Amino acid sequence: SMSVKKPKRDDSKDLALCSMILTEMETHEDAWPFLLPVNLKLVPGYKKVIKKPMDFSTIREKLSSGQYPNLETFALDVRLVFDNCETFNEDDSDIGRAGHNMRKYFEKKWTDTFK
């Protein structure tokens, strides 16, 4: 509350650490469905159904341009990529499996870097 604070966590490396995690996700072999925005002209149903599209290139741009106010807003966008994937893709499909693999890979990196 006012004048009552927990001890100050050092957040000065968060920007660089999120950038590193994002690089790791970009270079994973299963990242290909997620690297670029879905083409809303060429994929029927995607624009209407997925209310907030998100992809790794868009996260990179947002991160590099100071649009994440803290590491939690970064994690929300990453998770959105995979939540979108689950909405649009059967679990039993290459893209569906890609999304689950990438989500697990992210969550481990996230815990190991910060938790």
Side-chain angles (χ1 to χ4, degrees), residues 1-7 9-12 14-114:
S1 75
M2 194 188 334
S3 307
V4 184
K5 293 294 171 331
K6 294 188 194 59
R9 184 192 164 261
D10 186 5
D11 60 336
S12 65
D14 288 2
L15 186 58
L17 287 168
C18 288
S19 177
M20 270 183 30
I21 295 168
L22 184 60
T23 300
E24 294 169 352
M25 271 194 308
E26 295 159 330
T27 58
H28 192 295
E29 67 163 300
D30 299 344
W32 60 270
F34 312 115
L35 294 175
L36 299 175
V38 177
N39 188 326
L40 303 180
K41 305 173 199 283
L42 306 178
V43 179
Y46 205 92
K47 192 177 209 278
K48 182 68 181 271
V49 171
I50 303 292
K51 300 302 176 176
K52 293 168 66 165
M54 189 48 58
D55 68 284
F56 297 165
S57 73
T58 301
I59 297 174
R60 174 65 75 187
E61 182 65 32
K62 288 178 70 170
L63 189 60
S64 289
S65 73
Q67 300 182 48
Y68 294 117
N70 57 51
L71 80 171
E72 299 311 331
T73 58
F74 169 81
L76 284 170
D77 266 355
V78 179
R79 289 169 187 144
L80 175 62
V81 173
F82 310 130
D83 291 344
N84 290 346
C85 184
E86 295 212 37
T87 298
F88 208 79
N89 298 260
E90 283 292 339
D91 291 339
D92 189 18
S93 60
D94 294 271
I95 296 173
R97 282 182 289 275
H100 290 297
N101 286 357
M102 292 304 307
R103 184 192 298 273
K104 188 82 169 178
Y105 182 76
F106 171 65
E107 294 303 348
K108 175 88 161 68
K109 300 292 171 183
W110 191 247
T111 287
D112 295 356
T113 300
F114 295 117

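Nothing fancy with the numbering, it's 1 onward along the sequence. Just so it is clear, the values below take in all heavy atoms, side chains as well, and ignore hydrogens, waters and symmetry mates.
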Peer 1: Taking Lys48's backbone N and O only, do any of them form a donor-acceptor pair with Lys51's side chain (distance below 3.5 Å, no angle check)?
Peer 2: yes

Peer 1: Got a second to check how far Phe74's CZ is from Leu76's CG, nearest 0.5 Å?
Peer 2: 11.0 Å

Peer 1: Hey, is the main chain of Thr73 close enough, under 3.5 Å, to the side chain of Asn70 for a donor-acceptor pair?
Peer 2: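 Confirmed, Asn70 side chain pairs with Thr73 backbone.
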
Peer 1: In terms of hydrophobic clusters joined by side-chain contacts under 4.5 Å, are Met25 and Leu80 together?
Peer 2: yes

Peer 1: With a 4.5 Å cut-off on side-chain heavy atoms, are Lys47 and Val38 touching?
Peer 2: no

Peer 1: With the 4.5 Å side-chain cut-off for hydrophobic clustering, are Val43 and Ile50 part of the same group?
Peer 2: yes

Peer 1: Looking at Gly45 and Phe88, what are the two nearest heavy atoms and their distance?
Peer 2: C-CE1, 3.9 Å

Peer 1: Would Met20 and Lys109 satisfy side-chain contact (heavy atoms from CB on, under 4.5 Å), going step by step from the backbone distance to the final call?
Peer 2: CA-CA 10 Å; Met20 270 183 30; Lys109 300 292 171 183; over 6 Å; no

Peer 1: Give the cluster check for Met54 versus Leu35: same hydrophobic cluster or not, with ILVMFWY residues linked at side-chain heavy-atom distances below 4.5 Å.
Peer 2: yes

Peer 1: Count I, L, V, M, F, W, Y as connected when their side-chain heavy atoms are under 4.5 Å apart, and connections chain through other members. Are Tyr105 and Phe56 then in the same cluster?
Peer 2: yes

Peer 1: When hydrophobic residues are tied together by side-chain contacts of less than 4.5 Å, even through go-betweens, does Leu15 share a cluster with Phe114?
Peer 2: yes

Peer 1: Scan side-chain atoms only and decide if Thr58 and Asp55 contain a donor-acceptor pair under the 3.5 Å cut-off.
Peer 2: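 There is such a pair (donor and acceptor under 3.5 Å, judged by atom type) between the side chains of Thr58 and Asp55.
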
Peer 1: Side chains of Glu29 and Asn101, heavy atoms from C-beta outward: is any pair under 4.5 Å?
Peer 2: no

Peer 1: Any sub-3.5 Å donor-acceptor pair from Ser1's side-chain atoms to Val4's backbone N or O?
Peer 2: no

Peer 1: Specify the closest pair of heavy atoms between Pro33 and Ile95, including all atoms of both residues, with the distance to one decimal.
Peer 2: CB-CG2, 4.0 Å

Peer 1: Examine distances only and state if a side-chain atom of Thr111 and a backbone atom of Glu107 form a donor-acceptor pair shorter than 3.5 Å.
Peer 2: yes

Peer 1: Is any side-chain heavy atom of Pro37 closer than 4.5 Å to one of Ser57?
Peer 2: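 Counting from C-beta outward, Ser57 and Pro37 do come under 4.5 Å.
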
Peer 1: Have a look at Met102 and tell me which of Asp30, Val81, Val78 forms a side-chain contact (heavy atoms from CB on, under 4.5 Å) with it.
Peer 2: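 It is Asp30, the one option of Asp30, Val81, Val78 that forms the side-chain contact (heavy atoms from CB on, under 4.5 Å) with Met102.
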
Peer 1: Flag the pair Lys52 and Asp77 as a salt bridge only when some basic side-chain nitrogen lies within less than 4.0 angstrom of an acidic carboxylate oxygen.
Peer 2: no

Peer 1: With sequence neighbours left out, what residues match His100 under ring-ring contact (aromatic ring centres under 6.0 Å, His included)?
Peer 2: none

Peer 1: Angle between ring planes, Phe82 versus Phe34, binned at 30° and 60°: parallel, tilted or perpendicular?
Peer 2: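 Taking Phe34 first and then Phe82, their aromatic rings stand perpendicular (interplane angle over 60°).
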
Peer 1: In this structure, are over 12 heavy atoms from other groups packed under 6.0 Å from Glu26 atom CD?
Peer 2: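 Yes, CD of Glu26 has more than 12 neighbouring heavy atoms, counting only those of other groups under 6.0 Å.
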
Peer 1: Regarding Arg97 and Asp92, does a basic nitrogen lie under 4.0 Å from an acidic carboxylate oxygen?
Peer 2: yes

Peer 1: Taking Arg60's backbone N and O only, do any of them form a donor-acceptor pair with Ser64's side chain (distance below 3.5 Å, no angle check)?
Peer 2: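 The answer is yes, because a donor-acceptor pair under 3.5 Å joins these two groups.
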
Peer 1: Find out whether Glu24 and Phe106 are in side-chain contact, i.e. whether some heavy atom of one side chain is under 4.5 Å from a heavy atom of the other.
Peer 2: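 A side-chain contact is absent here, since even the closest heavy-atom pair is not under 4.5 Å.
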
Peer 1: Can you tell me how far apart OG (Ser65) and CG (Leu63) are? Round to the nearest 0.5 Å.
Peer 2: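 It comes to 8.5 Å.
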
Peer 1: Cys18 and side-chain contact (heavy atoms from CB on, under 4.5 Å): which single residue from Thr113, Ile59, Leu71, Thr23 fits?
Peer 2: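 Among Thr113, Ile59, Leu71, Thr23, the one meeting side-chain contact (heavy atoms from CB on, under 4.5 Å) with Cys18 is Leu71.
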
